[PDB]
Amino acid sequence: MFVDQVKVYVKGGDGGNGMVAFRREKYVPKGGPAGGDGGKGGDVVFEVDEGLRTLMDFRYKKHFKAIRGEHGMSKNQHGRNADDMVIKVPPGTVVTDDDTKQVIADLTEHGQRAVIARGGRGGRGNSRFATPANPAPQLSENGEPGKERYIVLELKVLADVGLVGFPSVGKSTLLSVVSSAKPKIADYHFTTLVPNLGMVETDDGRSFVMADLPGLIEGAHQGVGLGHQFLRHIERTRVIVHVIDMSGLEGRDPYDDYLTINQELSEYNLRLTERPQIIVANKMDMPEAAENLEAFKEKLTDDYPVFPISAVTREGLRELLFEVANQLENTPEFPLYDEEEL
């Protein structure tokens, strides 16, 4: 029900211009065409790479231009075909022309690639235009221009990390601070459920989709067959970032809230207790918060890494997102049933 969309400009290589030359040896004479042909320009090619999860790259650079083919040379030596510009895109990416509004490619398998903007053919040299009434032609072909087109990339968005914890703890303000961008809804204006999810971006290029688990879970409990959708979506979210409070404007006992939340999770019987977790001790800027984490760290018996941060900032969360990313690359999906049907 959520999809990311980005428009960019792609252009294939123009392709080398043919040459105009002649064999000029010290044979007391001169003549005979020798201009080599041009090489084809390169293609802008999209390739699927499961390692990717968001179209966040196409946001910092929306201009992809392939290299031009090689120009023809004398000695009838032709130019080689320029290498293509391969651009890695997430699985399930649909590419359409922002004009002919057509589907250029529907990339879905890893390694699956498609020609997005093809490069022009190389221009033929003079050696090609020689006829009996033109033994020494001065005609040459310039390279065929690489096609340029404005495209839009569409992607079906599915959460990767889930946010749990008491309300007002920060799950919302947090998911918002790191939320470099939010998806669009394609079922808009009815159930208006709209779980709270967003695409965050680390500082090393990596990126992923984060959401507030409760919202997803509550949608997986709707009737008239509307839960299945959210069930699948939950199998997708592989990491859990637990946010506890270390102060308590009206709350008390940190390790307590940790127990309360982790229990509910296991009660939904969805395997949310198997999913890796990353505790986030927030509100660390408070007095009591200093020693609370001291005790909390002790009582904690799990292997889950604790990331304490003060003032939810886009920078002070640098080391957090990083872990989320690393963990995310070492954790498998959580399907309810395996491939044991036979």
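All residue numbers refer to positions in the sequence shown, first residue = 1.
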Averaging C-alpha B-factors over each stretch, which comes out higher, 215-223 or 239-247?
239-247
Using only the Cα atoms and their B-factors as the entry lists them, report which of 175-183 and 125-133 averages higher.
175-183
Looking at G198, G170, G146, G205, which one carries the largest C-alpha B-factor according to the PDB entry?
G170
Between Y258, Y268, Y150, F230, let me know which has the highest C-alpha B-factor in the entry?
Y258
The third of the chain into which the C-alpha temperature factor of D83 falls is the lowest
Position of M284 among the chain's modelled residues by C-alpha B-factor, lowest, middle or highest third:
highest
CA B-factor ranking of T100, expressed as a third of its chain
highest
Once the chain's modelled residues are ordered by C-alpha B factor and cut into thirds, is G111 in the lowest, middle or highest one?
middle
What third of the chain, by the recorded C-alpha B-factor, contains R275?
middle
